[PDB]
Structure formats: structure tokens, C-alpha cells
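Only one chain is included here, represented as C-alpha cells and corresponding to the form deposited in one PDB entry.
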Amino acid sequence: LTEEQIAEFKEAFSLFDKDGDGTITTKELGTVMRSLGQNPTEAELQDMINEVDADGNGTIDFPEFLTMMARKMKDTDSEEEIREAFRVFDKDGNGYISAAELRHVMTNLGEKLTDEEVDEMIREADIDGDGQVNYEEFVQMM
């Protein structure tokens, strides 16, 4: 993996590391999962950590996180996080994100919305003015 790739995964790791101490605990994993609408049990959190806890000290450090992330990338069907994310938004895969597609992602992620907010979000990202957000515009905005 390149240094830029390592940096991206550091960003991801930091979205979980609540205390910023360099490790992801079962409790931290659970907080993120709870925020996403999931309520895993303690043993469940323990197995998720265990499967990736290479040295077995009970928490996940960045090297272990990287091994996991690297394993995912080093696979034919795995794309870059940014591209994978764009595809979550662009469900019909035509390369453009519609208002309906944006409302769907926001709803799925528990983000409240109004039509005006959605229209301004698109407008702000819509550089070529075609009424939708293409990949290039998606990258620029994100």
C-alpha cells in the first residue's frame, strides 16, 4: 500500500478511536455501531475485535487495522473508499447522484432532511449545472 493509502486508512481509524489513544476497543467499536442503528452484544463486539486482533492483546492497533483494510483492498472487487462511497450514493449506477438517491442515503444514515436542504446540497456540488452530482463533483465536494 502507498503512503497516501495508509493516510486514508488512518482517517478511517480515527473515526473510531474515540479517545485518540491509537487503539480501537470493543466499547469504541460498539459506540460507532450504536450510532449506525446497530446494537451488537458484548460477545459479538469481542468476536469482531478478536478476528482482527493479531497479537491478541484485546484491542486493535493501527497495524492490525491496516492488515484488515489492506486485505480488503488487495482483492479484485475492492475499490478505493471514495469510489465505494460514491456507489452507495449512486445506486442506479448511471454515474450521477440524484436528489432521490441523496435522500435515500441520508435516510439510511439517519440524517433528517427537507427538500430545500437536498436541493441546496446538490446545487452547491453541481458544477456543470446538470442537476445531479457526478463523480468528479462528488470528489471535489467531499
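All residue numbers are counted from 1 along the displayed sequence.
Could you check which stretch, 43-51 or 100-108, carries the larger mean CA temperature factor in the entry?
-> Comparing 43-51 with 100-108, the higher mean C-alpha B-factor belongs to 43-51.
Compare the mean C-alpha B-factor of 77-85 with that of 22-30 as given in the PDB entry, and name the stretch with the higher value.
-> The stretch with the larger mean CA B-factor is 77-85.
Ranked C-alpha temperature factor of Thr114 among modelled chain residues, by third | Answer is lowest: the recorded C-alpha B-factor places it there.
Can you tell me which third, lowest, middle or highest, the CA B-factor of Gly56 falls into for its chain?
-> Highest third.
Ranked C-alpha temperature factor of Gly95 among modelled chain residues, by third | Its C-alpha B-factor belongs to the lowest third of this chain's values.
Beyond what is shown, the protein has a form deposited in another entry; the following relates to that form.
Looking at the rigid-body rotation between the shown form and the other one, which one of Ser78, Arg34, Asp47, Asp119 is the hinge residue?
-> Where the rigid parts turn against each other between the shown form and the other one, we find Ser78.
Relative to the form shown here, do the C-alpha atoms of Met33 and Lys74 sit closer together or farther apart in the other entry, given a change of 3 Å or more?
-> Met33 and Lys74 sit closer together in the other entry.
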